[PDB]
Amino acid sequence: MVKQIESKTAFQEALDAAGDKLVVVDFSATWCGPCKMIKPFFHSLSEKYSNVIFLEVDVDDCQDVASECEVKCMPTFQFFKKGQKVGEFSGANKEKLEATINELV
């Protein structure tokens, strides 16, 4: 299911507890239309792939996590494995979200 991140401490903790699993982070903003458009599909991916951790970071609540991860477009999806960023793209592209998850898992 999708884990809502509300601090830098909760982000770090989640990337530590994921262990060996792929972590997909959706960086979004409430004002951004493409972000609202892809939110149901992002939550469907979390029920389909139980072996992948799905995080949501609202850039307005976690401005510090947003700056440190160098987010500049909404939505941006960053992919992490064992604390290292292994992929990233921006845009509400459903096919490419799922396709990148199947390459990295």
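Heads up: residue numbers just count along the shown sequence, starting at 1.
- With 89-97 and 13-21 compared on mean CA B-factor from the PDB entry, the stretch scoring higher is 13-21.
- Taking only CA atoms, the mean B-factor in the PDB entry is higher for 34-42 than for the other of 73-81 and 34-42.
- Annotation for residue 56: C-alpha temperature factor in the lowest third relative to the rest of the modelled chain, per the entry.
- In this PDB entry, the Cα temperature factor of residue 104 sits in the middle third of its chain's modelled residues.
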